[PDB]
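K.L.:
Once you've had a glance at the structure underneath, I'll fire off some questions.
Cβ: placed from backbone, ideal geometry, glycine included. Neighbour counts: every protein chain shown. FYI, it's all coordinate maths here, none of it is from the lab.
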2 protein chains.
Amino acid sequence: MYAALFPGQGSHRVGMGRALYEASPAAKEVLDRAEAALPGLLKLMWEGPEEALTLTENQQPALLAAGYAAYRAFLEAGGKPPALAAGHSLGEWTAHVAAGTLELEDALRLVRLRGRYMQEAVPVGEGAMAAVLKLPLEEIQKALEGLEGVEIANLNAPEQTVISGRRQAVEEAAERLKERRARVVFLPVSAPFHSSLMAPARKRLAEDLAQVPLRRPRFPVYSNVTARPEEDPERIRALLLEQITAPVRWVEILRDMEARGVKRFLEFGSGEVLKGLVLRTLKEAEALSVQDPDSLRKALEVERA
Amino acid sequence: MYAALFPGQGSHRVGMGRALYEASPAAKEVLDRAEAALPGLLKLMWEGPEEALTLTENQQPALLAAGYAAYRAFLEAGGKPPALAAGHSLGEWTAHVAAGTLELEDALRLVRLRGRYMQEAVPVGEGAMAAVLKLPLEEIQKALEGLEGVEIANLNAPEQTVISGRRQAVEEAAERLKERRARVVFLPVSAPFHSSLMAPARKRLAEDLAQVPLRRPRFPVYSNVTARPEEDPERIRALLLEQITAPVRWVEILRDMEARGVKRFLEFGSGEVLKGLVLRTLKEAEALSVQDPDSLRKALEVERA
């Protein structure tokens, strides 16, 4: 058994999903359906420009389509579904498509909107995000006390925390954390994701999400908000919206999965970011990224030779 | 006749170079040599954390190592050396190593310093950078007129230009460009790469580079400064330093290559970024990105001896 994990922003790359597309009839179908749903998607995914692909509103649907494609390719090759699933930010939607909570086409349309909403929420230059390394969460929280406009956005791994909000507020936090011997690195993003500044985006997505039918997932899917598996459709709808302005509790999801007994984790779609978080967070675990034929076969081997 | 192209900043990612590492002994040993010169590099490249790898002082060595490794993998497999080579910013260094101008160990140490120097050039927060698509250069220049500390940093594609400079200045230009129907990937907090503001990084690297022997390249290597091939070591040394504050004339380089009679372009290392720029710039031309066994196979099929 294993837990399926789906990547979020930053894990995209030109060429994503192409190898699987050529080697898997299942991946091919998913991706074609994606093209039909959002014309021009594949061109962006396979030949860029990588800047254009990086646009939030393109990146999000790209990652979801690639994640689901890789997952279906895995099942087609004889892999079994996961015991549990989770996704980092945008990835949570992908997990839900995998579990059958959302239809692929609806998901793609929704995340393209999510990305667009999110990007135009804050004026360019007024927001920022930064990764804080080598510093325990508690010290980070202590150093952010009294500071306004700055909050925890990602809980990715012990001593790997992302903060975000008003640029000036983030810069000032960076100074404090730096003095605390922490390694601070600003992210290449203009939008302060997972911060109260995303509120505008949430409200707008709520209107679009309202018209979409949700079903009970085939397997439990974790919520970045609660750090717990969720299976009730309307509660799922609520959490997908709350997620937008809440911190991504990645570390707690991983820990909870381990407590449930999961020792193997497969990251679908592209990049090996989540794989890195898994190993850094849970050490006796095994993690692999299924993003191309070679990685796919490797995953199958460990699950069943 | 093909041209070797080596990627620069932004083409990195957790997992970079791993595929070739375990598939090609030539590539594996370049990277082990890289790890030997810069202890810990491989860990950053493969496990991350991602933000840590993104730090210029890690990102540049990593990109150079992956680039040269892919190239060596290609040559050892019978691939033929290029007629002409070029690299985007950091990539120019990679091209010189492949050309034999300087040794890999020297280059690795030099680009780590280059990355660190750039990182501390301007105080964190006083510099910004933004990528601008959907608009011709002419319009960007116009919109830029009258703006203080903002400059054209990259000429990547006809409608792909990068600007950088003082944070406040870059922002105003961004707002003006968006208004001018342009799309923008804005980095609110970033070293103002390839702007006059990088001067202190240039002055510092000048000492380290002064201590390294340089040789005549086995094949012509373009300079992002002149947008023309260079073969004189004394000039190359000077041009490598001047590059840090000068605009990257990628578009011009590609055009000249086309004029030299180059029909095929091979991008070595990781990512397909340069391939994306070649496509959007030259249309009757062929491009491939050699970053894993499959792409290596295909490159050899069309360019092996």
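K.L.:
Please verify whether segment A:63-76 includes one or more residues that are in contact with a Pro (Cβ under 7 Å, 6 or more places away or on another chain), within 14 Å of chain B (Cβ to nearest Cβ) and closer than 25 Å to B:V278 by Cα.
P.N.:
The answer is yes, given that some residue of segment A:63-76 is in contact with a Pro (Cβ under 7 Å, 6 or more places away or on another chain), within 14 Å of chain B (Cβ to nearest Cβ) and closer than 25 Å to B:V278 by Cα.
K.L.:
Quickly run through segment A:244-267 and pick out the residues that are crowded, with 24+ Cβ neighbours inside 10 Å, under 14 Å from the mean Cα position of the chain (by Cα) and away from every other protein chain (no Cβ under 14 Å).
P.N.:
Matches in segment A:244-267: A:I244, A:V248, A:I253, A:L254, A:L266.
K.L.:
Checking B:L31 against (1) crowded, with 20+ Cβ neighbours inside 10 Å; (2) in contact with a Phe, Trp or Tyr (Cβ under 7 Å, 6 or more places away or on another chain); (3) not in a helix (DSSP H, G or I), which single condition isn't satisfied?
P.N.:
Tallying (1) crowded, with 20+ Cβ neighbours inside 10 Å; (2) in contact with a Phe, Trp or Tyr (Cβ under 7 Å, 6 or more places away or on another chain); (3) not in a helix (DSSP H, G or I), B:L31 fails exactly one: (3).
K.L.:
Can you tell which of B:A83, B:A65 is under 30 Å from B:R260 (Cβ atoms) and buried (at least 19 other Cβ atoms within 10 Å of the Cβ)?
P.N.:
Matching residue, one of B:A83, B:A65: B:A65.
K.L.:
Which one of these is closer than 27 Å to A:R166 by Cβ and surrounded by fewer than 23 Cβ atoms within 10 Å (Cβ to Cβ): B:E172, B:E145, B:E138, B:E105?
P.N.:
Exactly one of B:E172, B:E145, B:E138, B:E105 is closer than 27 Å to A:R166 by Cβ and surrounded by fewer than 23 Cβ atoms within 10 Å (Cβ to Cβ), namely B:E172.
K.L.:
Taking segment B:247-278 only, how many residues are out of contact with any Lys or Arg (no Cβ under 7 Å at 6 or more places or on another chain) and more than 25 Å from B:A66 (Cα to Cα)?
P.N.:
Selection size over segment B:247-278: 6.
K.L.:
Confirm whether A:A143 is farther than 22 Å from A:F6 by Cα and touching a helix residue (DSSP H, G or I) at 6+ places or on another chain (Cβ under 8 Å).
P.N.:
yes
K.L.:
Also, I was wondering about something else. Any residue in segment A:108-122 that is more than 13 Å from chain B (Cβ to nearest Cβ) and surrounded by fewer than 18 Cβ atoms within 10 Å (Cβ to Cβ)?
P.N.:
Yes; the residues of segment A:108-122 include at least one that is more than 13 Å from chain B (Cβ to nearest Cβ) and surrounded by fewer than 18 Cβ atoms within 10 Å (Cβ to Cβ).
K.L.:
Just the residues that are over 30 Å from A:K134 (Cβ atoms) and surrounded by 17 or more Cβ atoms within 10 Å (Cβ to Cβ), please, taken from segment A:175-223.
P.N.:
Scanning segment A:175-223 gives A:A201, A:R202, A:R204, A:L205, A:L209, A:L214, A:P217, A:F219, A:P220, A:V221.
K.L.:
Restricting attention to segment B:156-163, does a residue exist that is crowded, with 22+ Cβ neighbours inside 10 Å, over 20 Å from B:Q59 (Cβ atoms) and polar (S, T, N, Q)?
P.N.:
yes
K.L.:
Might you let me know whether segment A:13-27 holds any residue that is more than 12 Å from chain B (Cβ to nearest Cβ), of a type in the set (S, T, Y), in contact (Cβ under 8 Å) with a residue 12 or more places away in the chain and not in a helix (DSSP H, G or I)?
P.N.:
Yes, segment A:13-27 contains a residue that is more than 12 Å from chain B (Cβ to nearest Cβ), of a type in the set (S, T, Y), in contact (Cβ under 8 Å) with a residue 12 or more places away in the chain and not in a helix (DSSP H, G or I).
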